[PDB]
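Reviewing the structure listed below.
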Amino acid sequence: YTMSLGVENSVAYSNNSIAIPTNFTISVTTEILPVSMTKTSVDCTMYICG
Amino acid sequence: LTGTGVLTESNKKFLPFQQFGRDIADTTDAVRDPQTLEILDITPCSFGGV
Ligand SMILES: *[C@@H]1O[C@H](CO)[C@@H](O)[C@H](O)[C@H]1NC(C)=O
Ligand SMILES: *[C@@H]1O[C@H](CO)[C@@H](O)[C@H](O)[C@H]1NC(C)=O
């Protein structure tokens, strides 16, 4: 199928209307980042020639 | 099958026709001794950067 990008939404805009939140939710997002590889060294004479 | 390593005893159970063991990346990890049919583990002789 041809994929949908999301729900289409006419924001209820007019020159004299504002929307204000009457309440909130605390959220705890988890973000995961790589920092370091496994350190390697190769004796290239031992690899090439055994 | 030539090599160089610390031969040891092992608990590996080769099938009666099998002669050599290999690890995941082709490297030999064991051999059956051809006279007394025990399975020797092979581990390389110790090496490292100085
Ligand atoms: C705010 O939202 C929470 C979670 O839905 C609810 O428990 C709480 O009663 C709400 N408070 C108000 C003032 O609406
Ligand atoms: C080789 O000879 C020894 C003599 O003690 C015997 O124990 C062993 O089972 C023999 N192996 C084969 C493969 O015939």
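Residue numbers (UniProt numbering), protein chains in the order written: chain A, 695 to 744; chain B, 546 to 595. From the three backbone atoms N, C-alpha and C, an ideal C-beta is built for every residue, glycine too.
Label B/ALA575 either buried or exposed according to how many other C-beta atoms from any shown protein chain fall within 10 Å of its C-beta, with 16 as the threshold for buried.
buried
Closer than 7 angstroms between the C-beta and any heavy atom of ligand 2: which residues qualify, listed along the chain?
B/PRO579, B/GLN580, B/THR581, B/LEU582
Over the uninterrupted alpha helix (DSSP H) stretch that includes A/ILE742, give me the two end residues.
738-743
Tell me which residue opens and which closes the beta strand (DSSP E) that A/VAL729 is part of.
Neither: A/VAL729 is in no beta strand (DSSP E) and is coded neither H nor E.
How is B/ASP586 classed by DSSP in three states: helix, strand or coil?
strand
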